[PDB]
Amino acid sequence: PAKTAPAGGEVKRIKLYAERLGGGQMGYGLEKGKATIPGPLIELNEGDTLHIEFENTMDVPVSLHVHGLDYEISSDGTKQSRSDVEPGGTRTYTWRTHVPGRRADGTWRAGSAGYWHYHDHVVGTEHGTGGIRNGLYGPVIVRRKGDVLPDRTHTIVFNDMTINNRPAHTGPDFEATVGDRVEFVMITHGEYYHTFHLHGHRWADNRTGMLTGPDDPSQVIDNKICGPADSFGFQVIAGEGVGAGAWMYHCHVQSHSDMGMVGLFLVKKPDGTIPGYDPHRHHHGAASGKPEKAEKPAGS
């Protein structure tokens, strides 16, 4: 058992659009009218090259900038590099990815693999302050050959005082069944530091969020401090050793928690019930609505 990532090395291509959303927001999407905050999950295998055919449907300039992946200066996505996109414009951005390996100097070159993210560098200031606040950001995952694959992947972005730009106390909530292998990508943006905490679960503070084995000294944690543009990820086995229930995740800064940065990891018994939980309730005047569906990785 346990599905693992294959070798990379393929040239891949997708479309991405930036568009205005309700109420002053902006998002990236895989099709016109389909933009979401966070933008679509992009998933690659080390060695893969990705050509993103990008179109800006808005009436202001926008760009696409990425952390951690290889790109040439012309793909930086900045005014400074003349890599932004005019209103109505199209540009092809290119991201590349490489495996680890020995350098001739004897050192070991780290590969591209990790939890990363992309966002706008252009809207509102030349640092993307406006774009990021408006919602233009998304997750990118690069797998090393042999990395364990999860059943589903959820993305949690602490953006200023919001989770995924949602109104306070709206979650989101994510559904799983006890035993599911579930991946979280955790990204932070804006002005503030936070601490991400998840009830009833824990992970390894390292590249994959999972210990490699008995020799891995990495601290096991349930709580992690994070600043703007930090990203990390991990996988848990839902309800492992703790059983079903509505398991809270939240920022652990006390006022942030009280002010609505909280959501539920809803872990169901095999029969679909969660012990001791009331679904349609309001919390501080707001309802979390339906659980957010897991993100499907983009294109190909």
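Don't overthink the numbering: it's just position in the shown sequence, from 1.
Averaged over their C-alpha atoms, the temperature factors of 290 to 298 and 4 to 12 are higher for 290 to 298. As recorded in the PDB entry, 26 to 34 is the stretch of 230 to 238 and 26 to 34 with the greater mean C-alpha temperature factor. Across the residues 127, 119, 82, 194, the deposited record lists the maximum Cα B factor for 82. In the PDB entry, the Cα temperature factor peaks, among 161, 176, 73, 187, at 161. Ranked by Cα temperature factor within the chain, residue 46 sits in the middle third according to the deposited record. Among the modelled residues of the chain, residue 90 sits in the highest third by CA temperature factor in this PDB entry. Sort the chain's modelled residues by C-alpha temperature factor and residue 216 lands in the middle third, per the entry.
Residue 141 sits in the middle third of its chain by CA B factor, as recorded in the PDB entry. In the deposited entry, the Cα temperature factor of residue 104 sits in the top third of values across the chain's modelled residues.
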